[PDB]
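Colleague: Would you mind keeping the following structure in view while I ask a few things?
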Amino acid sequence: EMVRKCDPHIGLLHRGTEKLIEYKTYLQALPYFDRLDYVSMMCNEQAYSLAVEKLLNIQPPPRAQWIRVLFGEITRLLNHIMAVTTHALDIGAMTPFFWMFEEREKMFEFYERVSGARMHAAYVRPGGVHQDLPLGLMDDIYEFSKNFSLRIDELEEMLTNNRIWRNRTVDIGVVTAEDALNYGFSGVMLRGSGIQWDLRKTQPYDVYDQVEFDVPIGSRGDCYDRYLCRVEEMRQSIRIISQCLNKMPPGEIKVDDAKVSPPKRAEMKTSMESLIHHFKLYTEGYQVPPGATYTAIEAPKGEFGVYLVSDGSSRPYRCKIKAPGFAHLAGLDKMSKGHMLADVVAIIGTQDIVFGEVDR
Amino acid sequence: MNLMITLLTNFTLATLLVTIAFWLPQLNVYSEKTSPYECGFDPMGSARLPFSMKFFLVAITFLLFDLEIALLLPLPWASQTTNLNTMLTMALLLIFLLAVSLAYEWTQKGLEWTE
Amino acid sequence: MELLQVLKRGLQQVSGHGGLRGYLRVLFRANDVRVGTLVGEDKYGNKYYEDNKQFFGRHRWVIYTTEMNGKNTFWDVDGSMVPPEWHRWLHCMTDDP
Amino acid sequence: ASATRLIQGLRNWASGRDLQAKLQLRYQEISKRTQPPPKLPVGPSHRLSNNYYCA
Amino acid sequence: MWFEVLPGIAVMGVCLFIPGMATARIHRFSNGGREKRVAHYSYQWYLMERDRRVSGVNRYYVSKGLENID
Amino acid sequence: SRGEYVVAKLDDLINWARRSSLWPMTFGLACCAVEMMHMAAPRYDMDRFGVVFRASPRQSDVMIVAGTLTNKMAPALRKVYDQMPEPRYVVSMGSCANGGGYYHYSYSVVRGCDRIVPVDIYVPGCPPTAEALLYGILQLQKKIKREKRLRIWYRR
Amino acid sequence: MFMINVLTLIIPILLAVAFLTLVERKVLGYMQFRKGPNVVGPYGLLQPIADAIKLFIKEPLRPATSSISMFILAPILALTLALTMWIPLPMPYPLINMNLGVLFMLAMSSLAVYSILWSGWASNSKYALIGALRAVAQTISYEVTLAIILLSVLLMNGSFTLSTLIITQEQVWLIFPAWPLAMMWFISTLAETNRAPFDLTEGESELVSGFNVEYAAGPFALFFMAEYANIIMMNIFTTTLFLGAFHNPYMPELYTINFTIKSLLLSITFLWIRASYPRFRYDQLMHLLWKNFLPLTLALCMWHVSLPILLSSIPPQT
Amino acid sequence: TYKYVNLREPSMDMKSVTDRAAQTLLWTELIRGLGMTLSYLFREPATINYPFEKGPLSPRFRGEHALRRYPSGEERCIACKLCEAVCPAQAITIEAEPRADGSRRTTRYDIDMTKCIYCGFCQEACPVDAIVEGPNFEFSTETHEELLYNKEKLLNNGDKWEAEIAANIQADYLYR
Amino acid sequence: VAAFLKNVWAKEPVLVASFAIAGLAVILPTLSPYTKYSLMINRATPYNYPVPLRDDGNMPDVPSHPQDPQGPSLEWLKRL
Ligand SMILES: CCCCCCCCCCCCCCCCCC(=O)OC[C@H](COP(=O)([O-])OCC[N+](C)(C)C)OC(=O)CCCCCCCCCCCCCCCCC
Ligand SMILES: CCCCCCCCCCCCCCCCCC(=O)OC[C@H](COP(=O)(O)OCCN)OC(=O)CCCCCCCCCCCCCCCCC
Ligand SMILES: CCCCCCCCCCCCCCCCCC(=O)OC[C@H](COP(=O)(O)OCCN)OC(=O)CCCCCCCCCCCCCCCCC
Ligand SMILES: CCCCCCCCCCCCCCCCCC(=O)OC[C@H](COP(=O)(O)OCCN)OC(=O)CCCCCCCCCCCCCCCCC
Ligand code: SF4
Ligand code: SF4
Ligand code: SF4
């Protein structure tokens with residue numbers, strides 16, 4: 001059972017996403033990103049939206065930026081509930097799985113109230129978001145966030161002080177910092193190894209430079225420090241959600257260029273320029289200026305990047321998708337040197353892998 | 001006699017719950033359902049290859065501590081003797097010899113696993 | 001003691017469904033025993049109930065009819081049997097029946 | 001919320017926290033399902049003057 | 001709520017109350033309204049076989065007191 | 001007659017035993033595995049319907065193809081299906097498992113698992129809600145309830 | 001009429017297994033904030049009947065590569081040894097009153113490993129062989145303390161007799177003088193029976209199902225009910241060892257109800273430990289029962305040898 | 001702006017060493033975990049009794065498709081093909097002609113519900129609110145081609161669910 | 001020895017408890033006044049038959065009835 005070589009054969013979920021993106025418009029290419037990291041939907045929406053807005057030389061309104069950050073942190077709670085609970089399921093503690101999926105069910109209800117679909121929203125669009133917040137949604141986000149701290153506390157009561165959990169995570173999957181950078185690890189896979197790096201602090205985007213949060217740093221590069229980093233990222237996500245609920249601005253939710261954002265249906269059905277723009281946006285799409293960009297955000301797995309190449313038309317010429325899980329699953333070969341089959345499962349757990357974005 | 005009747009009954013309705021499990025349902029056997037299971041794909045080689053034991057010194061030492069509980073077992077009976085200092089001395093000497101064996105296997109890193 | 005109050009609440013849920021026979025009816029058809037404010041009934045027999053003391057998800061339910069469009073739905077109840085005017089209220093799309 | 005005070009006290013003792021202040025089951029305190037009609041504000045370019053697209 | 005597990009446990013409790021109680025009754029039926037004679041030791045078996053011999057009906061649980069002697 | 005009543009009650013017995021003890025196998029593929037996990041979550045709770053995970057295909061009843069079936073895992077899906085005892089059932093979850101889905105015109109997507117396995121219930125959605133997947137499971141139970149195995153056997 | 005006594009032993013302890021599946025799923029449900037089975041019967045009371053009928057009408061699936069004689073002979077031996085470890089258990093009077101019933105329990109604990117062992121070997125698959133040798137790696141760890149703990153708890157009894165273990169505890173529970181032996185025995189019975197955190201043979205996330213990954217329904221039911229028969233038997237054995245009740249010789253039903261509710265509390269404790277902990281890596285299992293429980297067990301064995309000599313409390317063998 | 005998870009050196013006085021040794025020998029945190037599991041045992045579980053109770057939804061919800069009609073009987077689809085031009089799966093197939101009274105209406109309006117990704121671009125691209133994605137989601141089929149809706153099935157879904165779709169659009173349309 | 005004792009109680013408390021229980025089990029039966037009563041109770045338990053002796057005439061301590069004043073007595077067992 002001492003593992004000598006791991007060969008992860010992938011491509012079992014390779015569907016050729018980024019060739020299908022080449023033949024559809026930008027708005028038609030947006031719901032592919034919900035289905036890459038299928039526990040981090042609006043984070044991939046936000047990464048593709050920042051890529052297209054970077055190529056379009058436009059920016060969202062302030063309210064749409066704060067909505068993007070609020071639902072990106074709700075998305076971060078979703079992804080780290082998925083990470084921690086499936087990691088404890090794979091080690092054997094199948095109970096906080098069921099404890100935390102009720103909270104994850106309520107955040108899926110937040111998605112259903114804000115966009116209409118529980119998982120794949122197609123909501124964070126290039127130009128801001130699609131539709132404004134319904135009334136009383138922020139009050140229920142507050143009622144959720146006021147009580148989610150005790151849920152993290154009882155998860156941490158079950159697993160953090162537990163000696164069976166420390167026996168499965170502490171000497172397991174140690175990653176040195178230079179081999180973390182030289183393998184292209186990102187996010188918690190760096191931060192468990194003690195590397196001071198986070199893309200919401202170093203390369204700040206929409207209003208993350210206006211919120212206040214702390215970046216949890218590990219010390220030993222193992223599964224236990226990455227576990228504690230994920231739990232503390234849930235804590236600091238609740239912190240950012242409180243700061244976004246308190247500091248939400250009024251205003252619009254799309255960019256007020258109607259050659260990018262679609263006009264409102266109350267003024268599409270009255271104005272002639274707005275009807276022409278509605279027509280030509282939902283049929284042709286907005287022309288993006290030509291050129292390439294690499295837009296990388298801090299998805300809850302790590303650096304999620306879109307290398308987007310536009311050729312002047314209303315369709316992408318090329319859309320390369322950098323996922324964190326691809327380089328992390330490449331590093332699985334080193335991380336499983338000198339462990340066993342009951343530890344390779346925990347290393348697959350501590351590398352939070354979702355194989356849609358690994359496989360495209 | 002009653003013990004053999006009980007064992008025969010338990011074996012009988014163990015093998016009566018097997019012959020009503022094979023002969024009752026409807027079978028559709030074909031040469032892919034009876035294949036070996038290796039998580040969707042084919043097994044790379046047979047399972048009759050040498051599956052190497054890393055816990056082998058502990059596996060031998062199980063046989064040398066399993067004799068100890070063939071020696072240490074009449075202690076509920078040996079306490080009923082009329083030579084009690086000698087019985088106590090030999091009893092604690094045997095548990096002490098087991099402990100010295102376990103301590104020697106501790107310090108020579110034998111309870112640790114290979115590789 | 002509040003344990004005898006729990007037994008009284010059990011007995012009045014037994015007496016609330018129209019006796020022990022109706023209690024067994026709603027038990028074996030619903031796997032659920034609690035009484036509720038009978039909000040409405042459609043043109044088929046679906047009885048729509050409220051209980052705002054229950055938590056958000058148990059607070060609105062339907063006890064389906066036994067005969068809808070010529071099918072014996074006494075045991076074969078279906079989630080799609082709800083007509084669309086009650087499908088807002090049951091799925092909590094509105095506060096108004 | 002209908003848990004009797006003996007079970008409520010045993011449950012608070014077993015968890016070690018005060019659980020009724022932070023219940024993970026939702027009740028009357030959450031938003032109404034039927035909301036009043038809104039009035040969404042218009043953007044900065046909803047103007048009738050000094051609003052050329054070229055600028 | 002939680003007390004719905006209390007029926008099934010009870011049924012399991014019934015299924016654990018049936019065997020032992022039954023053999024208690026069985027040990028009082030085929031042994032004359034008393035406990036089963038425990039012969040852990042061969043002296044106890046010699047007394048039990050002596051009871052089987054002195055009963056006259058080849059059953060150890062048939063007792064003969066002072067009414068048997070003159 | 002008498003024997004028609006006997007085989008009718010035996011059909012009702014075995015259809016009850018097979019619809020109220022469906023053991024799905026742990027088989028997800030894509031985003032729909034998240035909503036299948038939410039159909040196992042404490043709100044919807046598959047386990048109250050007799051619906052409990054069994055990890056091996058030998059010890060499972062229904063194969064919920066939940067996600068996108070690519071060309072690389074089509075024989076893995078088929079050998080997993082083949083290594084299920086009979087009666088085995090298939091529930092198709094999501095648009096990619098139904099008919100190719102959002103990746104329909106792809107070079108490496110099996111356009112529906114009905115090309116590979118025989119499919120009983122099609123559950124539509126991208127993803128379908130866990131309430132809709134539980135609806136599909138209850139419709140599978142209704143399909144098992146009206147099976148006529150021993151009635152057809154007594155009439156053949 | 002003794003055949004009636006054997007049948008009234010072995011049929012209710014199959015129905016106790018059957019309704020233990022319902023108790024297991026509902027207690028595991030409510031401890032996981034969900035519900036258990038409550039749809040099939042009135043609050044789930046008919047779910048085990050459907051789970052039992054379904055497995056004996058599903059296709060049996062003898063594999064190709066299997067050694068079919070051992071493949072069928074292993075669940076037969078599994079269910080046989082599941083049934084025959086109930087016969088010395090005093091309830092307050094056992095079915096078969098043995099002078100050496102404790103060693104009978106220990107020897108049939110040792111022989112029950114060959115069920116899992118020959119089942120994992122005979123079903124010629126790879127996960128089955130991994131689970132079959134993790135059964136060895138678990139058994140050589142628990143058997144090397146299961147004898148000494150059970151030896152030291154009988155040094156206050158006087159013999160290997162299970163019936164005398166009720167007379168022994170007439171004044172005090174035997175968990176009061178030997179609570180380290182009790183809290184170590186309980187973990188050794190966890191590891192004995194492949195219950196979590198010591199699953200490790202039917203390890204659902206390391207392996208697929210481990211030793212019975214090839215056993216389809218019908219032959220699979222006789223490992224499921226064997227495992228649950230072993231946990232009910234083993235909690236009854238732990239109740240007789242450490243939590244023995246009041247025996248009225250004229251009213252055996254008082255003792256029977258008392259140790260019934262105590263053994264139910266211990267089985268609920270098994271299900272409640274299963275619903276709370278992660279699972280060991282099976283070297284950390286072996287570095288537990290050898291490096292933590294065995295030295296302390298030898299120390300407590302020295303203590304419980306020398307202590308009845310110390311206090312003139314040597315128990316009688318009669 | 002950053003914090004160190006797991007950088008606490010344990011205290012080395014006899015009090016805390018004895019506390020950690022009693023934690024090792026008497027299993028404090030294991031009883032803590034059992035206490036938290038027992039604390040969830042005595043709670044009201046969150047299991048709604050489906051199919052008698054339904055999970056909460058919003059009027060934005062995206063389920064089964066439906067073609068609406070004006071409040072005159074005339075159907076709203078005027079064959080403009082924005083919904084199939086914006087459709088990211090190309091599930092919509094439209095063919096039209098002028099009908100007998102000269103109106104621009106469709107002859108073929110197909111939505112493949114096994115290609116459809118339920119993202120609601122067709123209801124937000126439709127300039128007359130003709131195609132909408134309604135509130136039904138329990139429309140599972142036993143057969144694959146029953147999820148290949150033509151115009152007649154979409155019009156029947158509209159005439160079936162219009163009494164609910166009109167109220168969802170009435171509650172929602174100010175956000176659009 | 002004391003700083004090492006706190007160090008090994010901080011590192012391996014199971015081993016300190018093991019050596020402590022083993023050391024008490026070795027030394028403490030040599031420190032008990034009750035250990036004499038252990039062997040006295042063991043040699044005072046009549047498993048076999050107390051085979052009588054032929055009265056040649058000179059045995060004043062060997063009794064003639066089991067209720068005689070002379071002989072081994074077990075009143076120390078009743079009092080303790
Ligand atoms: C039978 C009824 C129930 C009985 C009670 C048990 C109920 C509670 C069960 C809780 C769930 C447990 C699930 C399995 C957990 C498995 C992990 C585990 O706990 O491993 C064991 C753990 C292992 O600890 P560990 O895993 O930290 O190992 C440390 C290893 N190093 C240091 C190398 C890192 O603890 C033990 O081994 C303790 C064994 C029992 C100790 C008993 C001591 C008694 C007192 C002795 C004397 C002390 C004073 C000195 C002398 C004084 C004289 C005056
Ligand atoms: C000549 C005469 C004899 C002929 C041969 C027949 C022998 C007897 C066979 C068993 C009895 C036959 C009837 C079986 C059930 C038929 C009725 C039925 O299916 O009713 C439906 C109803 C459940 O409805 P459902 O749709 O599940 O409810 C949804 C919740 N709203 O169902 C219910 O509410 C209850 C269903 C009960 C099912 C039967 C009870 C379990 C089986 C017990 C006997 C067999 C097993 C014995 C022990 C074996 C070892 C464990
Ligand atoms: C040591 C103790 C061991 C105990 C083991 C058993 C524990 C649980 C006991 C049962 C608990 C109650 C179960 C009730 C199930 C539902 C019964 C029912 O109503 O079934 C309805 C079904 C269909 O009826 P139908 O007429 O079609 O209805 C249409 C109406 N318009 O009709 C049918 O399905 C037909 C009738 C079937 C009735 C089956 C009832 C359960 C039988 C279980 C077997 C054990 C019996 C007792 C054994 C111990 C005592 C001797
Ligand atoms: C007098 C009666 C008979 C005594 C002898 C018999 C005891 C029977 C009980 C069972 C013992 C079996 C196992 C013994 C192994 C001892 C050796 C050992 O483990 O040394 C290593 C250990 C440090 O562990 P480490 O190096 O980390 O191990 C690798 C894994 N981590 O190093 C240590 O932990 C230090 C070990 C030596 C010092 C122990 C001091 C304990 C003192 C307690 C009070 C005095 C008790 C009287 C006994 C004398 C103790 C010196
Ligand atoms: S049908 Fe769609 S949402 Fe569902 S798993 Fe497939 S890609 Fe993901
Ligand atoms: S919801 Fe999306 S995929 Fe479905 S028909 Fe409308 S635009 Fe096409
Ligand atoms: S449904 Fe709407 S968008 Fe589509 S062709 Fe008809 S009118 Fe145009």
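By order of appearance in the structure tokens: chains A, B, ..., then residues from 1 within every chain, and ligands from 1 in the order shown.
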As a list in words, could you give me every residue of chain B near chain A (at most 9 Å apart, counting only C-alpha atoms)?
Modeller: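 My answer is residues 51, 52, 53, 54, 114 and 115 of chain B.
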Colleague: Output the selection as a PDB file, in the first residue's frame - N, CA, C and O atoms for each residue.
Modeller:
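Saved to selection-v1.pdb:
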ATOM      1  N   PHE B  51       0.893  -9.421  -3.225  1.00  0.00           N
ATOM      2  CA  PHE B  51       0.453  -8.184  -2.585  1.00  0.00           C
ATOM      3  C   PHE B  51       1.270  -8.030  -1.312  1.00  0.00           C
ATOM      4  O   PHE B  51       0.929  -8.605  -0.279  1.00  0.00           O
ATOM      5  N   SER B  52       2.332  -7.228  -1.383  1.00  0.00           N
ATOM      6  CA  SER B  52       3.416  -7.293  -0.408  1.00  0.00           C
ATOM      7  C   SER B  52       2.990  -6.781   0.963  1.00  0.00           C
ATOM      8  O   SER B  52       2.355  -5.731   1.080  1.00  0.00           O
ATOM      9  N   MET B  53       3.341  -7.534   1.998  1.00  0.00           N
ATOM     10  CA  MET B  53       3.024  -7.178   3.374  1.00  0.00           C
ATOM     11  C   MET B  53       4.124  -6.293   3.936  1.00  0.00           C
ATOM     12  O   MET B  53       5.292  -6.695   3.974  1.00  0.00           O
ATOM     13  N   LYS B  54       3.752  -5.098   4.379  1.00  0.00           N
ATOM     14  CA  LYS B  54       4.710  -4.214   5.020  1.00  0.00           C
ATOM     15  C   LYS B  54       4.741  -4.409   6.525  1.00  0.00           C
ATOM     16  O   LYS B  54       5.757  -4.120   7.163  1.00  0.00           O
ATOM     17  N   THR B 114       7.573  -0.957   7.185  1.00  0.00           N
ATOM     18  CA  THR B 114       8.600  -0.775   6.175  1.00  0.00           C
ATOM     19  C   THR B 114       8.143   0.230   5.119  1.00  0.00           C
ATOM     20  O   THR B 114       6.959   0.569   5.014  1.00  0.00           O
ATOM     21  N   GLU B 115       9.120   0.699   4.338  1.00  0.00           N
ATOM     22  CA  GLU B 115       8.966   1.728   3.305  1.00  0.00           C
ATOM     23  C   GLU B 115       8.303   3.010   3.806  1.00  0.00           C
ATOM     24  O   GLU B 115       8.511   3.422   4.946  1.00  0.00           O
TER      25      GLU B 115
END
Colleague: Residues of chain C within 9 Å of chain G, using only C-alpha atoms, as a compact mmCIF listing (two decimals) with N, CA, C and O atoms, in the first residue's frame?
Modeller:
# COMPACT_ATOMS: atom_id res chain seq x y z
N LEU C 27 -51.58 9.43 8.51
CA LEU C 27 -50.28 8.85 8.85
C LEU C 27 -49.77 7.96 7.73
O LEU C 27 -48.63 8.12 7.27
N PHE C 28 -50.58 7.01 7.27
CA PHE C 28 -50.09 6.11 6.25
C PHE C 28 -50.07 6.72 4.86
O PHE C 28 -49.36 6.22 3.99
N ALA C 30 -49.29 10.13 4.52
CA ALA C 30 -48.44 11.31 4.61
C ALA C 30 -47.11 11.08 5.28
O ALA C 30 -46.17 11.83 4.99
N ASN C 31 -47.01 10.07 6.16
CA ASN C 31 -45.92 9.92 7.12
C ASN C 31 -45.74 11.20 7.92
O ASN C 31 -44.62 11.67 8.16
N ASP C 32 -46.87 11.78 8.33
CA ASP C 32 -46.93 13.09 8.96
C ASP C 32 -48.27 13.20 9.65
O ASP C 32 -49.30 12.82 9.08
Colleague: Enumerate as a compact mmCIF listing (two decimals) with N, CA, C and O atoms, in the first residue's frame the residues within 9 Å of ligand 5, counting only C-alpha atoms and all ligand atoms.
Modeller:
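For reference, selection-v7.txt as written:
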# COMPACT_ATOMS: atom_id res chain seq x y z
N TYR A 32 -20.85 28.64 -19.92
CA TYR A 32 -19.86 27.57 -19.83
C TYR A 32 -19.07 27.65 -18.54
O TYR A 32 -18.61 26.62 -18.03
N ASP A 34 -20.01 28.69 -15.48
CA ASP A 34 -20.74 28.11 -14.36
C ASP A 34 -20.50 26.62 -14.23
O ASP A 34 -20.55 26.07 -13.12
N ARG A 35 -20.21 25.95 -15.34
CA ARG A 35 -20.09 24.51 -15.41
C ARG A 35 -18.64 24.05 -15.42
O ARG A 35 -18.38 22.86 -15.61
N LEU A 36 -17.68 24.95 -15.22
CA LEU A 36 -16.29 24.54 -15.06
C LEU A 36 -16.01 24.12 -13.63
O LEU A 36 -15.76 22.94 -13.34
N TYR A 38 -17.96 23.59 -10.76
CA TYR A 38 -19.39 23.50 -10.52
C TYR A 38 -19.78 23.64 -9.06
O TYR A 38 -20.94 23.38 -8.72
N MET A 119 -28.02 26.73 -9.00
CA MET A 119 -26.58 26.57 -9.14
C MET A 119 -25.98 27.45 -10.23
O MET A 119 -25.15 28.31 -9.93
N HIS A 120 -26.40 27.29 -11.48
CA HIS A 120 -25.75 27.97 -12.59
C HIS A 120 -26.60 29.18 -12.92
O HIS A 120 -27.67 29.07 -13.52
N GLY A 356 -14.55 19.49 -13.67
CA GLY A 356 -15.02 20.22 -14.84
C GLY A 356 -14.00 21.25 -15.30
O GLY A 356 -13.62 21.28 -16.47
N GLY F 28 -21.54 9.99 -9.66
CA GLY F 28 -21.73 11.30 -10.22
C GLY F 28 -20.72 11.52 -11.33
O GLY F 28 -19.75 10.77 -11.48
N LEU F 29 -20.97 12.52 -12.14
CA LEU F 29 -20.02 12.83 -13.20
C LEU F 29 -19.61 14.29 -13.22
O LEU F 29 -18.45 14.60 -13.47
N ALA F 30 -20.55 15.20 -12.96
CA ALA F 30 -20.40 16.62 -13.24
C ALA F 30 -21.22 17.41 -12.24
O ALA F 30 -21.34 16.99 -11.09
N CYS F 31 -21.68 18.61 -12.65
CA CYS F 31 -22.43 19.51 -11.76
C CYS F 31 -23.64 18.85 -11.13
O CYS F 31 -24.00 19.18 -10.00
N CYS F 32 -24.29 17.94 -11.85
CA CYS F 32 -25.45 17.23 -11.32
C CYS F 32 -25.12 16.32 -10.15
O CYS F 32 -26.04 15.94 -9.42
N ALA F 33 -23.85 15.97 -9.94
CA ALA F 33 -23.50 15.25 -8.72
C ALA F 33 -23.68 16.12 -7.49
O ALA F 33 -24.04 15.60 -6.43
N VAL F 34 -23.49 17.44 -7.61
CA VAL F 34 -23.75 18.35 -6.49
C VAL F 34 -25.22 18.34 -6.12
O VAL F 34 -25.59 18.28 -4.94
N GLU F 35 -26.10 18.36 -7.11
CA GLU F 35 -27.52 18.37 -6.80
C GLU F 35 -28.02 16.98 -6.42
O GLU F 35 -29.03 16.86 -5.72
N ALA F 66 -25.49 11.06 -13.51
CA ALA F 66 -25.66 12.46 -13.13
C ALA F 66 -24.44 13.23 -13.63
O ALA F 66 -23.42 13.31 -12.95
N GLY F 67 -24.56 13.79 -14.81
CA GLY F 67 -23.50 14.60 -15.35
C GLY F 67 -23.30 14.32 -16.81
O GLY F 67 -24.16 13.78 -17.49
N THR F 68 -22.13 14.71 -17.31
CA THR F 68 -21.84 14.61 -18.73
C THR F 68 -21.06 13.34 -19.03
O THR F 68 -20.00 13.10 -18.45
N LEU F 69 -21.59 12.53 -19.94
CA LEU F 69 -20.94 11.31 -20.37
C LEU F 69 -20.07 11.63 -21.57
O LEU F 69 -20.58 11.88 -22.67
N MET F 93 -29.95 12.01 -15.23
CA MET F 93 -30.05 13.29 -14.55
C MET F 93 -29.34 14.36 -15.36
O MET F 93 -28.16 14.22 -15.68
N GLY F 94 -30.04 15.44 -15.67
CA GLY F 94 -29.43 16.57 -16.32
C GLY F 94 -29.44 16.45 -17.83
O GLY F 94 -29.61 15.38 -18.40
N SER F 95 -29.22 17.60 -18.49
CA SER F 95 -29.35 17.66 -19.94
C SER F 95 -28.23 16.93 -20.67
O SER F 95 -28.47 16.38 -21.75
N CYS F 96 -27.01 16.89 -20.11
CA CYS F 96 -25.93 16.20 -20.81
C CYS F 96 -26.11 14.70 -20.74
O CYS F 96 -25.75 13.99 -21.70
N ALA F 97 -26.63 14.18 -19.64
CA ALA F 97 -26.93 12.76 -19.58
C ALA F 97 -28.18 12.41 -20.37
O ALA F 97 -28.33 11.26 -20.78
N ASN F 98 -29.07 13.38 -20.58
CA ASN F 98 -30.26 13.11 -21.37
C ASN F 98 -29.95 13.08 -22.86
O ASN F 98 -30.12 12.05 -23.52
N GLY F 99 -29.50 14.21 -23.40
CA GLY F 99 -29.38 14.33 -24.84
C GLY F 99 -28.17 15.07 -25.35
O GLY F 99 -28.22 15.66 -26.43
N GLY F 100 -27.08 15.05 -24.59
CA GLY F 100 -25.89 15.75 -25.02
C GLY F 100 -25.73 17.08 -24.33
O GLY F 100 -24.61 17.49 -24.03
N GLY F 101 -26.84 17.76 -24.09
CA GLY F 101 -26.85 18.91 -23.21
C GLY F 101 -26.19 20.15 -23.76
O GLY F 101 -26.31 20.45 -24.95
N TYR F 102 -25.50 20.88 -22.90
CA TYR F 102 -24.84 22.11 -23.31
C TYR F 102 -23.59 21.84 -24.12
O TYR F 102 -23.12 22.72 -24.85
N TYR F 103 -23.08 20.61 -24.06
CA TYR F 103 -21.90 20.19 -24.79
C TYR F 103 -22.30 19.22 -25.89
O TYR F 103 -21.62 18.22 -26.14
N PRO F 124 -35.13 16.13 -16.36
CA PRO F 124 -34.63 17.27 -17.12
C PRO F 124 -34.29 18.47 -16.25
O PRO F 124 -34.93 18.76 -15.25
N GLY F 125 -33.27 19.19 -16.69
CA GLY F 125 -32.76 20.33 -15.95
C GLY F 125 -31.28 20.50 -16.22
O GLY F 125 -30.59 19.60 -16.68
N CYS F 126 -30.79 21.70 -15.94
CA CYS F 126 -29.36 21.98 -16.01
C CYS F 126 -28.93 22.83 -14.82
O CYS F 126 -28.81 24.06 -14.92
N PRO F 127 -28.74 22.21 -13.64
CA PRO F 127 -29.12 20.86 -13.24
C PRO F 127 -30.60 20.87 -12.90
O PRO F 127 -31.15 21.96 -12.71
N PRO F 128 -31.26 19.73 -12.86
CA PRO F 128 -32.58 19.69 -12.25
C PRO F 128 -32.42 19.93 -10.77
O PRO F 128 -31.37 19.62 -10.20
N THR H 114 -33.58 18.43 -23.83
CA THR H 114 -32.38 17.70 -23.49
C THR H 114 -31.12 18.40 -23.99
O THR H 114 -30.02 17.95 -23.67
N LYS H 115 -31.26 19.46 -24.77
CA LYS H 115 -30.16 20.38 -25.03
C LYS H 115 -30.23 21.61 -24.16
O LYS H 115 -29.19 22.14 -23.79
N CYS H 116 -31.45 22.04 -23.83
CA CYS H 116 -31.71 23.28 -23.11
C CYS H 116 -30.98 23.33 -21.77
O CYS H 116 -30.90 22.33 -21.05
N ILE H 117 -30.41 24.49 -21.46
CA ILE H 117 -29.59 24.64 -20.27
C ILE H 117 -30.28 25.46 -19.20
O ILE H 117 -29.68 25.72 -18.15
N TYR H 118 -31.53 25.88 -19.45
CA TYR H 118 -32.43 26.42 -18.43
C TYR H 118 -31.87 27.71 -17.84
O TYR H 118 -32.00 27.98 -16.65
Colleague: Kindly compile the residues surrounding ligand 1 within 8 Å, counting only C-alpha atoms and all ligand atoms, and format them as a ChimeraX atom specification.
Modeller: /A:163-164,167 /G:175,179-187,190,197,238-239,242-243,266,273,277,288,291-293,296 /H:24-27,30-31,34 /I:11-14,16-18,20-21,24
Colleague: Within 6 Å of ligand 4 (counting only C-alpha atoms and all ligand atoms), which residues show up? I'd like them as JSON, numbers by chain.
Modeller: {"B": [96, 99, 102, 103], "G": [295, 298, 299], "I": [8, 12, 15, 16, 18, 19, 20, 22, 23, 26]}
Colleague: I need the chain E residues near chain C as a compact mmCIF listing (two decimals) with N, CA and C atoms, in the first residue's frame; criterion: at most 12 Å, counting only C-alpha atoms.
Modeller:
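Full text of part_28.txt as output:
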# COMPACT_ATOMS: atom_id res chain seq x y z
N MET E 1 -39.95 14.28 15.56
CA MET E 1 -38.58 14.62 15.92
C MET E 1 -37.79 13.37 16.28
N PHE E 3 -37.84 11.26 18.87
CA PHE E 3 -38.52 10.14 19.51
C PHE E 3 -39.13 9.15 18.52
N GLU E 4 -39.11 9.44 17.22
CA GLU E 4 -39.52 8.46 16.24
C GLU E 4 -38.54 7.30 16.13
